[PDB]
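Contents: one structure, followed by commentary.
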Amino acid sequence: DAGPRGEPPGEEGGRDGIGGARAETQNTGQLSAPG
Numbered sequence: 001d002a003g004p005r006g007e008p009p010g011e012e013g014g015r016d017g018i019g020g021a022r023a024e025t026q027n028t029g030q031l032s033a034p035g
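So this is what it looks like as structure tokens:
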């Protein structure tokens, strides 16, 4: 339980997410989806 495993919803977050406001300060999703 005490050991490292990262963050599952942050792997998803790195895939097609919008770090900025949806969809204005940032207009489309990032990083790893193929455009």
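If you count the sequence shown from 1, position 24 lands on 24 in mature numbering (1 follows the signal peptide of the UniProt record, and there is no 0), and the numbers rise without skipping.
Positions of the beta carbon are idealized from the N, C-alpha and C atoms, including for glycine.
According to the DSSP assignment, residue 16 belongs to the alpha helix (DSSP H) that extends over 8-16. CA-CA distance, residue 35 to residue 6, rounds to 26 Å.
Selection 1, 13, 22 evaluated against residue 33 yields 13 as nearest (Cα-Cα).
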